[PDB]
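To keep things clear, I will list the structure first and then write my remarks on it.
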Amino acid sequence: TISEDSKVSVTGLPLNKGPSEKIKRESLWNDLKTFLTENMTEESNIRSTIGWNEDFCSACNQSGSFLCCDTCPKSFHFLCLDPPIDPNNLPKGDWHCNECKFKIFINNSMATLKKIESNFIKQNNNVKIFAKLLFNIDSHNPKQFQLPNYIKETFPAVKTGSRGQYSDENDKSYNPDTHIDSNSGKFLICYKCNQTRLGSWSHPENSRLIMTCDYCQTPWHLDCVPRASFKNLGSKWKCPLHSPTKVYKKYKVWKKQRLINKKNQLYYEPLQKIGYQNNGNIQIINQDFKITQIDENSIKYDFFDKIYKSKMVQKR
Amino acid sequence: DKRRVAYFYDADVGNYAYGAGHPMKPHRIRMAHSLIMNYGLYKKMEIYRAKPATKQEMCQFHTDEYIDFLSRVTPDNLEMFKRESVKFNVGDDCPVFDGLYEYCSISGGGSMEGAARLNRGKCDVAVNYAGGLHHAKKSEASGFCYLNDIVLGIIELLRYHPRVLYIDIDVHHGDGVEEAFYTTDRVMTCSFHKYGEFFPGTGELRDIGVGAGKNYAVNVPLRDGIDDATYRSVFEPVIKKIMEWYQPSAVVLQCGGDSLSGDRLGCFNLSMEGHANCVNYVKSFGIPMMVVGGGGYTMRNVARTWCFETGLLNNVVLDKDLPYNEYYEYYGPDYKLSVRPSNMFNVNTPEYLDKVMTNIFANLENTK
Amino acid sequence: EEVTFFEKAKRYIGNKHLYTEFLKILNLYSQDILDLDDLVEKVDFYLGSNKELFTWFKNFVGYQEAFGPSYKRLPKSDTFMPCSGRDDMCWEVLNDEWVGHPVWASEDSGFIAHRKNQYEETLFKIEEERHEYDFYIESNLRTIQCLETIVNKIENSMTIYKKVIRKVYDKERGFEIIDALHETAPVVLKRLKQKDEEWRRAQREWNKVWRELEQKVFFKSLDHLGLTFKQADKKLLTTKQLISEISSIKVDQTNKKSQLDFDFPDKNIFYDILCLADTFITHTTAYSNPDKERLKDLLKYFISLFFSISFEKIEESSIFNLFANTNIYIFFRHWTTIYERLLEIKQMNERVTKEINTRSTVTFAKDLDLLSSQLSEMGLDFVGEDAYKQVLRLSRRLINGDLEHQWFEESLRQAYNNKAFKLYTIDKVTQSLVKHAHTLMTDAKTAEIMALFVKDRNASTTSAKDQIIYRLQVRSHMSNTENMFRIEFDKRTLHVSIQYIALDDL
Amino acid sequence: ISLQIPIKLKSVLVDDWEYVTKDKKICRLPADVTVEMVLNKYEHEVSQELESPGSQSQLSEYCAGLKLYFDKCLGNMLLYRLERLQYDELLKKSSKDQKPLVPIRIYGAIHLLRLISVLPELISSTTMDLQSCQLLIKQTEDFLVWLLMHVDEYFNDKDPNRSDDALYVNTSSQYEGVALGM
Ligand SMILES: [Zn+2]
Ligand SMILES: [Zn+2]
Ligand SMILES: [Zn+2]
Ligand SMILES: [Zn+2]
Ligand SMILES: [Zn+2]
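From first to last, the protein sequence lines stand for chains A, B, C and D. For reference, each letter of the first sequence is one residue, going 101 to 130, 166 to 187, 259 to 378, 400 to 477, 489 to 523, 534 to 564 in UniProt numbering. Just so you know, we're using UniProt numbering here: the second sequence kicks off at 17 and counts up by one. For reference, each letter of the third sequence is one residue, going 664 to 727, 749 to 840, 859 to 885, 890 to 962, 972 to 1032, 1134 to 1322 in UniProt numbering. Just so you know, we're using UniProt numbering here: the fourth sequence kicks off at 220 and counts up by one.
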């Protein structure tokens, strides 16, 4: 006889009281049976194979299981440790941080310099420049690698995410207002169908969904280019009218130069303007990330020359 | 045709339950079996209790470590399994209950036995509604699925069938089955799924396969609220083309109930007849075929649909009135064997769907 | 034909920003970086909507694996993991290099779930409670049967019973009792039977309450567009909406005189609309009796003059052109909307008539145990009373005010299976139509244009000068900023063509 | 203090940051060219041209110190959180064979490039005298210039999905989960 059985149920009741009269007033107005299967379930076994201390890590600065120190309130992840410690293979003892153990064991304020000079003269025979760093690294806790705040800033189109991840400029019933400019009032005309296809309130079936591409603002119909749904959680949608910026030449890989801050962004214009063996880094009008000025009229001659060459080489 | 119909069901499959608020309840199979029983169809089936699968049988697809963790995981000792839980994704999405290993073994044994009966020729039609777990892929639990019994059944069928066809009608793409057969050319996977900001995340029109499996995978991205007519008009020509240009020796059909209207997580506008139509049309081709019950979260609708599909496979049509099963109260207002489609809008358009069929046919042009 | 081709491309693209990208792509190809396939693909996406530039482009340049987007490739060192059951055949057909991991395919952003009404949530809660009760009862009953078999065998499926015992025995004693059972069975069996009896009593009562909760909610959950139809119609039945629709149609037509085309395949719906309009006019306490009579007479006269239906049959139930302003156009749009809704209801009338009349009831438990006549006590079950005429009567009741909107919508849902949700706002649309007629007669400019329409229509035999003179006479009263409408009517087939002349007459 | 890293090297560093932190890729270890052959080739190619005994010997001292510092600091502050799993795997495999881990024999040319990016930040937290600070900076700049002429043989543009010889390898779903889940 147990009275603790009646604890709780999905009904909010001990499953033994009843319809919960308040719920009554809320929710009211004012070919044989299955016992033959056991004698007919023929057990089939004809199988072919039947015969077989804080809330963040002190190294990665993220959330998760932590192995904190009793003396240093610095929680550490298990992979974010040097060396990583397997949770199954627990040390089962007094654990301290690298800085914590350094400050709790070799804490000789008067004779720290003695150890520094001892290490310096020990490394003086071979490597004197690096002796101080080789000593000092033993005084620091394990950490997660991060760019030093100036490799990132030379490229303006690069930003750091929440947990230190890399982020760029591509991070991001019947509704008739979607076809409106919402800034000028003009209907949004899809590039392919050359129509807005607004439909009507009486017949919403005649409406065709439009996107208004994120980058160049060209509106496109969800039925013109094949696409099941919109883009609302993923990256900024890009129209099919943009440069590839990355080509897998038949293998070889081509990439477009990353954007650099204008202070260090050098520019140059060729004096030939007939044919230039240059990359896709062009401008329509330290010497490694230059932006050439393609002189658009020269493209008309260049493309034509290339296609004519392809025409005569294939002719023979 | 009046094909011989095998039927596998374990009476204990309804005694395993997921979390309190979880959308998976294997008891749906239990009122499905009750509906088939009380309709006087047991005189039309041979009912089998398939032997549960063993560790080595499910190790044909899944890793041995995954199987070992599955056979020992328990809600009382989960804190001894921390690395395994996160490595195999057996956490919140796919939780651990009392009879996880037993349920997985039962489902795998049922699928394996159905495939074995098809291979041996004991029947041309076998039914196993305890399967349909098409999300787990050989090392992890995904989409509330832990064991990909469909892969094991396809493996068993391929022992005697050169080519096997897999058809998915669930709004979720068949990620696990397609991944298991993304390179081989002996298995067609064809999933009619809702594609977008949806849980599968994959199954785009350009996932035809890699290596020898190029043009050997078919994906059907669908918008919300597709109704019976549009679904049939998309389903039938593609299935006919696959039958014409690939000629599988066997076909496997995952009868997911997510496409049904009123689904807890589904977004389609498929009714009772619109969902049984694909099953009947596929059965009308004449090759050995499988039935596995995958999606579906409203147990009444999915159970009624399963009972009606079982009737349809036996070349008979069941009546709208109910035979007064044990769980009669579940059917609410009128207790009729039907599913009511709602009035919400359909986004699928003839131009987009025509583009989809054109791309699919172009991909299929190099399958014969 | 090549530099001119460049000029044509620049004109067709029509944007410096897109032309810049096109030139960048052309140069990228020109520096031997892009292949023919991608170049032709980009030209197809840019100018491929044209069939003369792109066809020449393909025929002048001599144009004459496919990796999936959600599949990665893993290293070979990350492949071989011992699978005991995997045979050679099982090794050959399985794929292990490529994995999808939908987290990668979701851009680490997640997924968007569907939107469900609160009725669906209540149904799901009832479902959850039912499943809990039934699962517990079934598991306990199975354990009861197993213990009964053991007891019957003791007179002289490895964890279900353990779970049931642990659930029943919650004082942590369940483990001890299970151990004693493994080596004391009747006491466990009788406790399980008592628990089963209590659970079955609770399940019966809860099944009751779940049932009457489900009865009042099931039909509302499926009313997806019907629940929000009132506000959507209120927002989207404005003059600005219709103006935007017709202007978008005109713009699409001009981006290549029959912008709108209405067909009238019935003549008896007009009588029903007249009856509803007069019912509202009599009921409304907003117009004086002379104003009410003016409303009714003007409506009857306008409809008789336009459609040429009758003059007395309405009271007892050549190509014409109407030059109309915004007010008359919106009034006509209201009339056409009401007519289209009523025609949609009327066309399919026979099928719902049969279904309601041939509505079988299950005699196993419905007529035996649980009888539900909540909508039948109040009499809007559509028993007999042909669905179109009963719907008209119910609309008249709603306009009168003796029938609530809740019950009207519930009955409409139950009789039409949520396929007649557009009638939820019929009274409001009729009120708006009556207000539009009042505004039409109460304004001097609209009244004069209406008199001009009367003159032109009653003429009924005019030369080609009539159109120009009619347009000029309308324009004399009519401003230089608002828009005109050319409502063409063909009385021979009762088809109305509407053309949008914003200011193209100046 | 003022380290003039070439723009191409900064782009390579940010590309590696993107590949690891965003694309969830790890370096294909052991590297085809780890730290030692590249440093020894630098020493052989440059020291053979120097004639001053001090300039030629200090180059060897700088190379040895760079090797020592890299070996010491790879496991401390030159690895992201994702690569900690690969580090632990390498440690486990090395301990299985009783071989001490020698990271200069595993990592190469991309972890040394990331080693010399916080050197101004690392020297700042010392009592390192200014007269040798300039010497260290100048030696680092000379090494960077030498690398700058020779870039086509240490950072190639290759797709992991198209060639197993690419410097990066895709991380499994299990690998990613284990690496970034605990
Ligand atoms: Zn950490
Ligand atoms: Zn510490
Ligand atoms: Zn379009
Ligand atoms: Zn764009
Ligand atoms: Zn599903």
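By construction, the Cβ of each residue, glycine as well, lies at the ideal position given by its N, Cα and C atoms.
- Beta-bridge annotation (DSSP): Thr540 of chain A is paired with A:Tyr506, A:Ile520.
- Inter-residue distance for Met305 of chain B and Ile83 of chain B is about 28 Å (C-alpha atoms, whole angstroms).
- In this structure, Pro119 of chain A and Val915 of chain C form a Cβ contact; the two beta carbons are roughly 4 Å apart against a cut-off of 8 Å.
- Using a Cβ-Cβ distance cut-off of 8 Å, the region 110 to 125 of chain B and the region 188 to 199 of chain B are not in contact, since fewer than three pairs of beta carbons, one from each stretch, lie closer than that value.
- It is roughly 59 Å from the alpha-carbon of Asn259 of chain A to the alpha-carbon of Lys413 of chain A.
- In the structure shown, the three-state DSSP call for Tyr1286 of chain C is helix.
- Pairing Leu931 of chain C with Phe1237 of chain C, the inter-Cα distance amounts to about 7 Å.
- Below the 7 Å Cβ cutoff, chain A contributes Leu339 as neighbours of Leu341 of chain D, in chain order.
- Close partners of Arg770 of chain C in chain D (Cβ separation under 9 Å) are lacking, with about 18 Å as the shortest Cβ gap.
- Ligand 2 has no heavy atom closer than 7 Å to the beta-carbon of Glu260 of chain A.
- Against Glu156 of chain B, the close residues of chain D are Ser392, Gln393, in the order they occur along the chain (beta-carbon pairs closer than 8 Å).
- Membership of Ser373 of chain A in the beta strand (DSSP E) is indicated by the continuous run 372 to 374.
- Beta bridge pairing from DSSP links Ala142 of chain B with B:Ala22, B:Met306.
- Around the beta carbon of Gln562 of chain A, a 10 Å sphere encloses fewer than 16 other beta carbons of the protein chains shown; the residue is thus reported as exposed.
- Cβ atoms of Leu509 of chain A and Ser954 of chain C stay farther apart than 8 Å, at about 52 Å.
- Closest in C-alpha terms to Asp818 of chain C, from the list B:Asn31, B:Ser300, B:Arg179, B:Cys75, comes B:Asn31.
- Rounded to whole angstroms, the Cβ separation of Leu285 of chain A and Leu304 of chain D is 6 Å, and the two are in contact under 8 Å.
- Between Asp762 of chain C and chain D, the shortest Cβ-Cβ separation is below 8 Å.
- In chain order, the residues with a C-beta atom nearer than 6 Å to some heavy atom of ligand 1 are A:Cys263, A:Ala265, A:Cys266, A:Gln268, A:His283, A:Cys286, D:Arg300.
- Under the 10 Å beta carbon count, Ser277 of chain B is surrounded by 16 or more other beta carbons and is classified as buried.
- Close to chain C, meaning a Cβ-Cβ distance shorter than 7 Å, are the following residues of the region 367 to 383 of chain D: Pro379, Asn380, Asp383.
- By the criterion of a C-beta distance shorter than 6 Å, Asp288 of chain A is surrounded in its chain by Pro348, once the five residues flanking it on both sides are discounted.
- Going by C-alpha positions, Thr374 of chain B is about 18 Å away from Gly711 of chain C.
- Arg175 of chain B has its alpha-carbon roughly 31 Å from the corresponding atom of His291 of chain B.
- Within 9 Å of the CB of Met40 of chain B, no CB atom of chain A is found; the nearest one sits about 16 Å away.
- With contacts defined by Cβ atoms closer than 8 Å, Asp26 of chain B and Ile122 of chain B form a contacting pair.
- Taking C-beta separations shorter than 7 Å and ignoring five residues to either side along the sequence, the partners of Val706 of chain C in its chain run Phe717, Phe720, following chain order.
- Within its own chain, the residues whose Cβ lies closer than 7 Å to the Cβ of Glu289 of chain B, once the five positions on either side in sequence are excluded, are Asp244, listed in chain order.
- Three or more beta-carbon pairs drawn from the region 166 to 177 of chain A and the region 58 to 71 of chain B are found closer than 8 Å, and the two stretches are therefore classed as touching.
- In chain order, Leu1310 place their CB closer than 6 Å to the CB of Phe979 of chain C, counting only its own chain and leaving out the 5 sequence neighbours on each side.
- Sorting D:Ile329, D:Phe362, D:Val337, D:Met368 by C-alpha distance to the C-alpha of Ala250 of chain D places D:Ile329 at the top.
- Residue-level contact check: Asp450 of chain A touches chain B, since one or more beta carbons of chain B fall below 8 Å from its beta carbon.
- The beta carbon of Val254 of chain D sits closer than 6 Å to those of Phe289, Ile323, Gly327, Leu331, all from its chain and outside the five residues before and after it, given in chain order.
- Where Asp978 of chain C is concerned, the enclosing beta strand (DSSP E) starts and stops at 975 to 978.
- With respect to chain B, the C-beta atom of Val397 of chain D has a partner C-beta closer than 8 Å.
- Interface criterion met: the Cβ of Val1178 of chain C is under 8 Å from a Cβ in chain B.
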